[PDB]
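Before any questions on binding or motion, here is one chain by itself as structure tokens, the form deposited in one PDB entry.
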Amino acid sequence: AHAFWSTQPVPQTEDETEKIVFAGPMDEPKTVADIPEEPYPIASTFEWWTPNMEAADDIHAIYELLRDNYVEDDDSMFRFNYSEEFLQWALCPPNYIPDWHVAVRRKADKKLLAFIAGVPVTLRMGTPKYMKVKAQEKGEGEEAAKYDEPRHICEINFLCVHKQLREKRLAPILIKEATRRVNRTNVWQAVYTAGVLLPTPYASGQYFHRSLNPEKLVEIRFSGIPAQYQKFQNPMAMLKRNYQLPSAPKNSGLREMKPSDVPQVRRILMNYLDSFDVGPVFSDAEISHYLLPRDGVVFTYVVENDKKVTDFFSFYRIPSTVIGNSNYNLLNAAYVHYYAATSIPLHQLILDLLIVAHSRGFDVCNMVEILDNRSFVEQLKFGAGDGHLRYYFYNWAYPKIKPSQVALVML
């Protein structure tokens, strides 16, 4: 059924998945020297291209491909519209590897036809807690602990084939070439997410939305006036009342994050993320890059009490194109990023997130039920959306875990 995925080192079924008791590689080991030094063969009318993220034109080309051809919702009403500044941020973290950004252009005119990107990540991806317990009972503790150490792997994102080239088996060619370029750097695992079901997720979580501007969400048919709001003489005014937020954060002590906060934010984030089975390890440089405020891209606030940062939250912006509304062109969405609470309940920290996002003109706040995102769903009036984000590894056997055991946010 899967002419490409059947050839690859991933669990092939939920059954195979269910028989996995220890983290580790799928494939028997290979070496750098074994990997072909030349790009994968491609049709004589296409050419491989490694964009230069320092070049505005290169970023623009990527931007335009994704604006017109990237992920839509299931009803083709909305398409993600990542900005050029967001793409530069996402694609160029500390020590990124230029060769891991892989594109296909049409030779004649240099039109970008397909793209895939890899970036480095350091991930805790050893045997999960519930499985380590089972192992201790089997006297199988050592094998269970073998791959406990954080690993330097590849995070894959932004796979896109132009609409005119769909269903021509171009996506496998992209994936094979990305795999080659990564393997040539002695990295043999990747992590990726998708909304679609592929062989075979190690975790799956529902996504959620929190209305910040319900009048606009209704206008663009992101939301409806729910049928229960019909019992009301005036459905809409009631809907705004329901989702109203304060003008200003309620935590005194909240301010935007500045560079001098990086060491403290790194400490509190790394301590928190340890509670989770799969999660990134970030250096000070990586904390700086992923969390310092950047206009229109990422927004981060700390709670500082007695000159000590005790809590923080971050969110990032992805606008969506609204396909065909006479009044609005764009949906301005905020997505919950990393956070850590030590002084206050999480619901109280994230209420400030919603307050800031609303003040700054966002229409909706979105998140997947990873981290401890379930703890504030009800009180903060998040609703479950129509699908799931699925988490996957390439070349890593991994037992099924709950999404509330996942601490990697994928952009």
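Start at 1 and count along the sequence shown; that's the residue number. So that the term is clear: the rigid core is the largest set of C-alpha atoms that superpose within 1.5 Å between two forms.
Keep in mind that the form deposited in another entry is not shown, yet the notes after this line are about it.
Measuring CA movement between this form and the one not shown with the rigid core aligned, the set 325, 252, 242, 136 has one residue at 2 Å or more: 325. Relative to this form, residue 246 and residue 327 separate from one another in the other entry, with their C-alpha atoms ending up at least 3 Å farther apart. Note: the CA-CA distance for residue 79 and residue 327 contracts in the other entry relative to this form, by 3 angstroms or more.
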